[PDB]
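Okay, structure first, notes after.
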Amino acid sequence: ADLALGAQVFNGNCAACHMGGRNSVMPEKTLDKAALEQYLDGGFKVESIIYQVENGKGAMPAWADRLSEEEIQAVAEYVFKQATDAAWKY
Ligand code: HEC
């Protein structure tokens, strides 16, 4: 999908906690492929990330009220793309 929009959305909303694909609230739950396979409900799939973005999880807020449907799909695919290619620079 729109990967340029995904970065804009990730950069303006998610980076407060996932700077560099890291996790400042919970160090272990990072945005790396292996963290995702291990800690994200549903595993490493775009769908699992979308679900977690819209409904939140614990200290992670829900985004359904703040982002649009297309923004959620974009950010999810962007995060997916980053983990696959292991492109997170921290
Ligand atoms: C800080 C207050 C956060 C913001 C802003 C966003 N996320 Fe987050 N995320 C945060 C926590 C503490 C956690 C784990 C919560 C738990 O109880 O398990 C997460 C987790 C994720 C994950 C899964 C990570 C993993 O299991 O290894 C994803 C895929 C995720 N977060 C994505 C993400 C995106 C795209 C955001 C912007 C829309 C976003 N998070 C904001 C804390 C915070």
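Below, all heavy atoms of this structure are taken into account, side chains as well, without hydrogens, waters or symmetry copies. The chain is numbered in sequence order, starting from 1.
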Which pairs would a plain distance check flag for residues 36-49, meaning a side-chain donor or acceptor within less than 3.5 Å of a matching protein atom at least two apart in sequence or in another chain?
unit_1, atom_1, unit_2, atom_2, d
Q38, NE2, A34, O, 3.1
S48, OG, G42, O, 3.4
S48, OG, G43, O, 3.2

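Atom CE of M60 sits about 7.0 Å away from atom SG of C14, to the nearest 0.5 Å. Remark: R22 CZ to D32 CG distance equals 4.0 Å, nearest 0.5 Å. Rounding to the nearest 0.5 Å places NZ of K29 at 10.5 Å from NE2 of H18.
Under the salt bridge (charged side-chain N to carboxylate O under 4.0 Å, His left out) criterion, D65 pairs with no residue, sequence neighbours left out.
Under the 4.5 Å side-chain contact rule for hydrophobic residues, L67 and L31 share a cluster. Cluster membership check: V53 does not share its hydrophobic cluster with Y51, using side-chain heavy-atom separations under 4.5 Å among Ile, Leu, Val, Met, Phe, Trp and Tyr.
Looking at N23, its side chain never comes within 3.5 Å of a backbone N or O of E28 through a donor-acceptor pair.
For an aromatic pair to be called close, the ring centres must be under 6.0 Å apart, and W88 with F10 satisfies this.
Looking only at side-chain heavy atoms (C-beta outward), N11 and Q8 stay at 4.5 Å or farther from each other. Within the 4.5 Å cutoff, the side chain of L3 has heavy atoms near those of the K81 side chain. Between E70 and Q73, the closest side-chain pair of non-hydrogen atoms is not below 4.5 Å.
Across every non-hydrogen atom of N55 and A62, the tightest pair is C-CB, 3.6 Å. The two residues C17 and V25 have their closest heavy-atom pair at SG-CG2, 4.4 Å.
Between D85 and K33 there is no salt bridge, since none of the side-chain N atoms of the basic residue sits less than 4.0 Å from a carboxylate O of the acidic one.
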